[PDB]
Amino acid sequence: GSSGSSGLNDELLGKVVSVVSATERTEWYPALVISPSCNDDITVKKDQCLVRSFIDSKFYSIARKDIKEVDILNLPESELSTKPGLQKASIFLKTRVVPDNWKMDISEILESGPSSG
Numbered sequence: 001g002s003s004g005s006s007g008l009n010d011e012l013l014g015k016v017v018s019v020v021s022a023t024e025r026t027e028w029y030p031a032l033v034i035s036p037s038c039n040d041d042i043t044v045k046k047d048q049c050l051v052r053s054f055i056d057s058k059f060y061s062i063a064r065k066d067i068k069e070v071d072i073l074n075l076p077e078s079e080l081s082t083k084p085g086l087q088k089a090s091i092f093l094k095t096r097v098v099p100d101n102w103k104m105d106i107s108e109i110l111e112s113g114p115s116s117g
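So for the sequence shown, the authors' numbering puts the first residue at 1; every next one is plus one.
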């Protein structure tokens, strides 16, 4: 089980992050940073980056200056058990595998085992 496939390795990107609201520095939501590969029209400012929400799973364009490391997998079961954007996010921090609803580039790699059998 290896299947060489380097999908741009990063520390901040490809991981869950907390987005700080511009209308409320307090309010923050989880989002899986990503790059506009498929989406073209999606114009990402120079000080902006594409992310993947863990609530509705929508594509938002925030500023990296609004993002900041977070501990979703460190959150209490109370927050996760409740907060969705967190839970899912956390799940991806434990299961390290987004839902088929995302289909990043692993959910498919799953398949029926390594290669039939």
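The beta-carbon is built from N, C-alpha and C at its ideal position, and this holds for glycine as well.
According to DSSP, residue pairing for residue 89 in a beta bridge does not occur. About 17 Å separates the beta carbons of residue 47 and residue 25, which is beyond the 8 Å limit, so they are not a contact pair. Relative to the Cα of residue 4, the nearest Cα in the group 113, 109, 116, 117 belongs to 109. Residue ranges of uninterrupted beta strand (DSSP E) with 3 or more members, entirely inside the region 12–62 and ordered along the chain, are 16–20, 28–34, 49–53, 59–62.
Of all alpha-carbon atoms in 1, 117, 75, the one lying nearest the alpha-carbon of residue 30 is that of 75. Boundaries of the alpha helix (DSSP H) harbouring residue 109: 107–110, taken from the DSSP string. By the 16-neighbour rule on beta-carbons within 10 angstroms, residue 90 is buried.
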